[PDB]
Amino acid sequence: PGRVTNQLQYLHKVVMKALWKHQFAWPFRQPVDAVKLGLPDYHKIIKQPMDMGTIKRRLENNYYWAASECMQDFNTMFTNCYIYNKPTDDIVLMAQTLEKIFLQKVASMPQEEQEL
Amino acid sequence: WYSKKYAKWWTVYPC
């Protein structure tokens with residue numbers, strides 16, 4: 001039930017392009033491995049894991065029907081990091097840096113969504 | 001493995 005829209009193509013070709021290459025992207029390109037990291041409480045706190053590797057694949061595979069779905073996955077990723085981790089943890093500053101770039105890129109997105 | 005608290009110690013995915 002997926003579509004290609006102008007906003008989803010923008011989120012793929014402009015927003016994700018910028019975030020995927022960023023120096024702080026590496027913890028977020030793939031799901032958190034709570035076993036490997038030794039975080040037995042991770043999945044007790046985070047009930048909807050999300051990462052940029054999953055988002056990127058959904059964009060590539062036209063999984064989304066509408067840009068809001070992709071925006072929601074980005075918000076889940078960032079909030080998940082802020083909820084699980086502590087405010088002074090490095091990972092949170094990395095996530096906030098990525099969120100700043102996300103927001104700056106989204107600010108130039110077409111304001112109206114249309115299928116292509 | 002990496003530390004969430006000290007994540008910036010690592011420049012790339014350490015696995």
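Proteins get letters first, then strands, A, B, ... in listed order; numbering begins at 1 in each.
- Neither the backbone nor the side chain of A/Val92 comes within contact range of chain B; no heavy atom of the residue lies under 4.5 Å from a heavy atom of that chain.
- The same ILVMFWY cluster, assembled from side-chain heavy atoms under 4.5 Å apart, contains both A/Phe74 and A/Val14.
- In the hydrophobic cluster analysis, where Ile, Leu, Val, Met, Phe, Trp and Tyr join through side-chain heavy atoms closer than 4.5 angstrom, A/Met77 is grouped together with A/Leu103.
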To see if you've got the definition right, give the donor-acceptor pairs under 3.5 angstrom between chain B and chain A.
unit_1, atom_1, unit_2, atom_2, d
B/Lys4, O, A/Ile91, N, 3.0
B/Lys5, O, A/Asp90, N, 2.8
B/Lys8, N, A/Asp90, OD2, 2.9
B/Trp10, O, A/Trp26, NE1, 3.3

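- Follow the hydrophobic side-chain contacts under 4.5 Å out from A/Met52 and you reach A/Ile83 in the same cluster.
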